[PDB]
């Protein structure tokens, strides 16, 4: 039963496994103070064209989001996000556990606009309400859409005018920056945000996120906070290794390109069969609307994620591809689908 459930069902790219195997039995200092982390961080600084930035390696996405917000926010400050943002839905109150409110905006396509930021600022006023101070966006978003350069430039400009930090969640940044509708580079993101992260977990690594802190005010003692939240991994050179391999020779983007090419095969198949997607997609996620009878038959050969059942005898399903997805399985899916 081949799985399209998520982009973290396989361990790691063979070249990461190889470096981990060949490096075994060497002695390293702990907590990210080692040679691997230093090399990965240097490589990342060069790709961003911001070698002044601080890079911290952290094991997971929820970990990284709650650390970022806790670094950027005073007790009476809040974070703005879409209602579909990962921090609004699927971190079991992680941000609120740090003591801060997520102010949500209803953006059906999963993308924040300047008008939602402005409206969130208009609604929260006086000493009786939280002060929005951080804006959270995801690229790609939690429904597979993504930002253009002009969109991120508009958001960034608005944040600077109102004194807000801008944080970009890059769980699926490899997919985003490899998509054919994309016109952002890593250097653009580093130019336009106060902080962001590059996800390795969903892009070839067994774990790891690279939290990049660009705004000088957010930098001090970040490692203390990482430690306090349980995120300062003792054998931290193993996180560095993920990035030392992925960020070398364009691998990160080549794997991203593959995941998007796989999803494009599924999408061409879906569209040839008259099946509609709930959101537009040029990334590694698809949200087909399939009849329940068809789903029960597809379940015999593929695992999918159920997003939301609907009253008219259909569900929104999610298909997810990754760096590890077998092209042959994508063509099989389409062939099985055509015959249903």
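Residue numbers count along the first chain shown, from 1.
In this entry, 179-187 has the higher mean Cα B-factor, the comparison being between 179-187 and 128-136. Placement of the Cα temperature factor of residue 223 within the chain: lowest third of the modelled residues, per the deposited record. Placement of the Cα temperature factor of residue 235 within the chain: lowest third of the modelled residues, per the deposited record. Among the modelled residues of the chain, residue 287 sits in the middle third by CA temperature factor in this PDB entry.
The PDB entry assigns residue 326 a C-alpha temperature factor belonging to the middle third of its chain's modelled residues. Residue 92: CA B factor lies in the middle third for its chain, per the PDB record.
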